[PDB]
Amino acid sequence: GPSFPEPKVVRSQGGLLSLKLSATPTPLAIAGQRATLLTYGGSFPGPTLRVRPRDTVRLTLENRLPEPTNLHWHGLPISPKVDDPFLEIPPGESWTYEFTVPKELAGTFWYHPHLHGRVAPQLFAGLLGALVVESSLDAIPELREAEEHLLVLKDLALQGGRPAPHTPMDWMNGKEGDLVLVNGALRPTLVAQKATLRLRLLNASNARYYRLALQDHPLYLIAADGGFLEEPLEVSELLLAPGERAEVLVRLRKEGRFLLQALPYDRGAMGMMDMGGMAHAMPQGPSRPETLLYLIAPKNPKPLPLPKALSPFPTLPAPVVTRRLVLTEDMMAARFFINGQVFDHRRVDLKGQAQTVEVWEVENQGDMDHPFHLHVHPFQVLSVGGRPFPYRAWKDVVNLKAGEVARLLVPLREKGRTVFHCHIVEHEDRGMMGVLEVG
């Protein structure tokens, strides 16, 4: 096939994407070895769904797993009666998700399980796929003439031909794997045919961070999790926390081979040491550097000029309330808290009003990085750690290093009961999640 593996694409037809997926234990070849993964559509990653604003999506999920499951439509500002974090599809049963893609929406989204207590083993085992919302902005020449690729960043560990089981330490840190894969391939080669590449990036890992850097090149950020920036932003590196997405333009500068790497990054994962009657937690330190892919530039590359403008960010109404959500940790218990409480599906933690804007101050009082995710209601990051954000764009995951406060501007959209949680999904399963009700 093509030198660069990407998930098969399913496109809406006539304004309708009607599709049946099964979540099933699937024998596969992955990274040169045979393993049984849990997949949607028989593949890892699952198929990429590609849709347009105002399309109807009709996705029937058939659960062929031995445990209940469901879907989270991560990043989609749709009803929590559709993107239902409390729904359980029992083994052998099916459920049809039907929604209309919102009109003012563009970017890279994804789908994965969100059954409390079950998310980390199910996601680690292979249950995820991308959803792309096309934009009329994709027709401007500076994007249309770029070479587009999707990069699903997701790691894996295998034991006896199956995903490695979670250990106690995995529930504390979030599980990372030794196979650091792009679209399920081990260090694929991307032989570019155009000088400008448009890369859609998805961190679909349970816990691994990707400190992205391309050798000898900057990246031009053009979209965050949930939409375009107002204009391209040049960056020397780009950190993608679990659950985050970005879109970047790469302008290949000369012929040659260039490594896309995940540089060393310390997210505060912990180990255990015994140095003479000790048995105390100790930092793992930064991750070892990983090569993600080999990028081969074409001959005499002449990149396109960057687009001058992308999408204006909406002027939001003045906010009517300020929230505070403090994250804390009990590491040795592998328990994780929001304002001192663990998740309770029967308990409503916040009550807000549809079509108002809230300021959420999320404070990480732990020592690990925690990537904070809100369902249903995309937000504008105003600042993190007291540093203003350098762009305006919709996000739905914001990473907090130890001690950092993030200030979010949160327009409340669809009415109903939804959730917010750490997207180190082991921490969510272990309690770091709360309930928002919008009325």
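Rigid core here is just the name for the largest C-alpha set that superposes within 1.5 Å across the two forms. All residue numbers are counted from 1 along the displayed sequence.
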More variable segment, 274 to 282 or 244 to 252 [Cα RMS over structures in 8 other deposited structures of this protein, core-superposed]:
274 to 282
Say the other structures are aligned on the rigid core; which stretch then has the higher CA RMS in 8 other deposited structures of this protein, 370 to 378 or 383 to 391?
383 to 391
Quick one: say whether 237 to 245 or 315 to 323 has the higher mean Cα B-factor in the deposited entry.
315 to 323
Using the B-factors recorded in the PDB entry, average over the C-alpha atoms of 305 to 313 and of 161 to 169, then report which stretch comes out higher.
305 to 313
Identify, among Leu128, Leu87, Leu295, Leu202, the residue whose C-alpha carries the highest B-factor in the deposited PDB entry.
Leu87
C-alpha B-factor winner, where the candidates are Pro264, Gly226, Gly366, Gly276
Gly276
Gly340: CA B-factor among chain residues, third -> highest
Would you check the entry's CA temperature factor for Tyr209 and let me know if it's in the chain's lowest, middle or highest third?
lowest
Of the three thirds of Cα B-factor ranks in this chain, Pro188 occupies the middle
Chain-relative CA temperature factor third for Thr418
middle
Would you mind ranking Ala146 by its C-alpha B-factor against the rest of the chain and naming the third, lowest, middle or highest?
highest
